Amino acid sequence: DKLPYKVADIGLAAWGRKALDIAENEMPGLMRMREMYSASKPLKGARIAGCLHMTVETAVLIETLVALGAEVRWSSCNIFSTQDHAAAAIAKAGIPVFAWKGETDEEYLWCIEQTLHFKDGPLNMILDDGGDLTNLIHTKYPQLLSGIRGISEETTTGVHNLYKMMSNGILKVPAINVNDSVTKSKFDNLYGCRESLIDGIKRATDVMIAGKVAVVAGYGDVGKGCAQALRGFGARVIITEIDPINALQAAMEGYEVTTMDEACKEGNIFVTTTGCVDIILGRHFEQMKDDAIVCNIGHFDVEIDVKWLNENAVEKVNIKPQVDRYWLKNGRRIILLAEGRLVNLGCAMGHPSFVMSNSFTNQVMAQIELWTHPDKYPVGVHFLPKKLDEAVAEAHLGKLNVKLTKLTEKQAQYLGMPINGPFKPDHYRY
């Protein structure tokens, strides 16, 4: 007596499938997993609950997991990130998915709850992005923990929570930190946001980037990619940071590094990338230039004080979905994107498929590792082996017509490494 799926409109499935066909040909890593593992079904018996943005790219991941033998039930990890045509294609394929663009907060929790119970038992595997599923099970369903073989977690904020849980003795299931595979953190977080930040801002506002001042809070992998994107289109980018290493990197790249208390007086565009609370406050809003555009690309909507705008503005004018223009008591306006939620996924389409193929090949490898080799993974937070990380990159070279050099026997001897790798030590930072 439970719903089999819930999506905005299953009639979008044919359009979704056309988008999936295109994405497949951009995602050689996931397609290679299908080629290598579709016959052997390494994920047979797995019942994976997934809580991850229900986009075209995630649909290609889902269909990969099913091809490898898993049963899957899916929800989005953000109320605005679902792409309804992609959700439709997954629903039409008979895969239980509970996701649509523009969920309420109650609906959001309800969708995760729909993914826990399969025909043959509760979930026995977690694929998570931000830890909402991880936390739901630990807090509300501790009785299911013993039946879960593993967690794989996508994002910086999510893995931060796993490490914290482990340090406080709260984590009861082995986890693989997918965010910090080299082929995820150094590619998705960086090159993904270099494209999808501007895409979100443009689809929402059509604003010219050239000539503006843009303030980016944080200069981690996300902030590095965001700053590069904005600079490339001729914005003058000002960085805020708490970490003196990241701040020196920003300075050495030619950006002004100062505080939000100063930068709020100058910015025309504000982008938060910190994963931290209380980045853009009332005291900042009141000093901004007229029609300042304010958005967040950190995982949770905790960075911008949107409550302050709702409570203090004279009026909120909705321009279109996920775009609101607040009129302040000082007579100036603030353009807020996606209610302070992830702007790339909320206002556009998130990262393009090619780079998501790197992140999602890591996800598939992690599910296989945890499902088929559980002895290797005691309760704790683990990384994929470098040889697998390198395999993810290698799987994407062909599409780009990259010609990789092979070490000669003599060179391999000289370097003291194997011809087939791994080629770097464990601490290597790329």
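Residue indices: 1-based, along the sequence shown.
- Here the stretch with the larger average CA B-factor, out of 346-354 and 173-181, is 173-181.
- The question of which stretch, 130-138 or 325-333, has the higher mean Cα B factor is settled in favour of 130-138.
- In the PDB entry, the Cα temperature factor peaks, among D291, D301, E256, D261, at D301.
- Comparing the C-alpha B-factors of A204, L144, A217, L248 in the entry, the top value falls on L144.
- Placement of the Cα temperature factor of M125 within the chain: highest third of the modelled residues, per the deposited record.
- Ranked within its chain, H396 lands in the lowest third, by CA B factor from the PDB record.
- Annotation for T55: C-alpha temperature factor in the lowest third relative to the rest of the modelled chain, per the entry.
- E26: CA B factor lies in the lowest third for its chain, per the PDB record.
- In the deposited entry, the Cα temperature factor of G200 places it in the lowest third of its chain's modelled residues.
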